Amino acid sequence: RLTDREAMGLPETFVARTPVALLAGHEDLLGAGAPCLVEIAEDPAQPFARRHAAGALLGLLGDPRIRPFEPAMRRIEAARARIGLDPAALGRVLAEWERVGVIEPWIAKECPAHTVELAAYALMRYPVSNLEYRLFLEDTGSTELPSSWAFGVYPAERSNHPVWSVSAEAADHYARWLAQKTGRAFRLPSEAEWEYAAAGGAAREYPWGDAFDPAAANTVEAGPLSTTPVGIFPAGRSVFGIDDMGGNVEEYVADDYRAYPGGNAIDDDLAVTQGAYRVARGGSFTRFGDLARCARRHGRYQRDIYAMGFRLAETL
C-alpha cells in the first residue's frame, strides 16, 4: 500500500541528506593523493560528508581499494558458529523495531539459535562494486544487467559503489567467473558464513555491537538515501574486518530460504516460502536498521526499494 518514499520514512516533499556539491568546502582533497583519500574515506573520526567526498573523488579517479582480480579479503578461522535467535529474545527485538513495521513472524524465522560448524574461509572486505560487475559483464557477454543502471548503462561516477539489484543467479555467475579467472575457490558465502562474519563468536546483535547506531552503516534512518562508496562507514566494521555488512545494499548468500530446523514456532507461510527465494542479508540504504541485525533474514519479495547486491567468499 505504501509508496516507495512512504516506506522509506520520507514525505512527498523533497528531502536531501547531502550537500548540493559533494566537494564544496573540501577542495583540499584534490591535492591529497589516492592513498590519503583512502585513509580519509575509512577514518571513523572524519565527518561523513568528508568521507563521502573522498570516496566520490576516488570513484572518479579509480578506487585503488577495489582490485577486481585480487579483491580485499579477510580470513576467518574455522569455528563452531552460533546462528539465529534465541526464542526468549524475540520480544526484545519486536519492542526494538515494531515502530518501523516489524511483526513477530518476520523475526520468528530466525529461531532457534543453533550451531553450525564452519571450516576456515575468507570473505570480501567490501561488497562487489559497479566497476567489478561491469568487468564481469564485458568479459562474459552476460545479459544480467543491474536494475539501478538506467537503461542498463554503467554509472561511472559510482564506480566504487556496490552493484544492485542483480539476481542471486547473477551473483552466482560473477563468483564462478572470478573463480575461473583467478584459479581461486570463489563462491557466495553460506547464510551461516555470512552471519558469523557479521556477528562473530560473541554473536553481536549488529556487526558493531549490541545497539543500533545510525552512523555505523548506510541505512535509511540517517544515510544519504543512495548507495555509498564501499567502506565509508568504518564504525560499522565487523570483528573480522568486513565493511558494509550492515547497510548500503542487501547481500545474497548461497542458501535458498528454509526454516531453521528445530523451531517449534509455526510458520503458516512455509507452505509457499520454503525454497522459494534466495536469502538476502544485511540491509540497505533504503531500509531501517532491523535489517542490519546480523541474524535478520530477508529476500522474500522483489521490489524497487529492495537493493540486492552481493559479496564473495573463498574456500581456504
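Residue indices: 1-based, along the sequence shown.
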So 57-65 or 267-275, which one's hotter by mean CA B-factor in the entry?
-> 267-275
Given 172-180 and 82-90, the range whose Cα B-factors average higher in the PDB entry | 82-90
Can you tell me which of 118, 128, 198, 72 has the highest Cα temperature factor in the record?
-> 118
Have a look at 285, 252, 257, 260 and flag the one whose Cα has the highest B-factor in the entry.
-> 260
Tell me, lowest, middle or highest third: where does the Cα B factor of residue 162 rank within its chain?
-> lowest
Of the three thirds of its chain by CA temperature factor, lowest, middle or highest, which one includes residue 40?
-> lowest
Check where residue 241 lands among this chain's C-alpha B-factors and tell me if it's the lowest, middle or highest third.
-> middle
Going by the entry, which third of its chain does the Cα temperature factor of residue 139 land in?
-> lowest
Chain-relative C-alpha B factor for residue 77 (record values, thirds): the highest
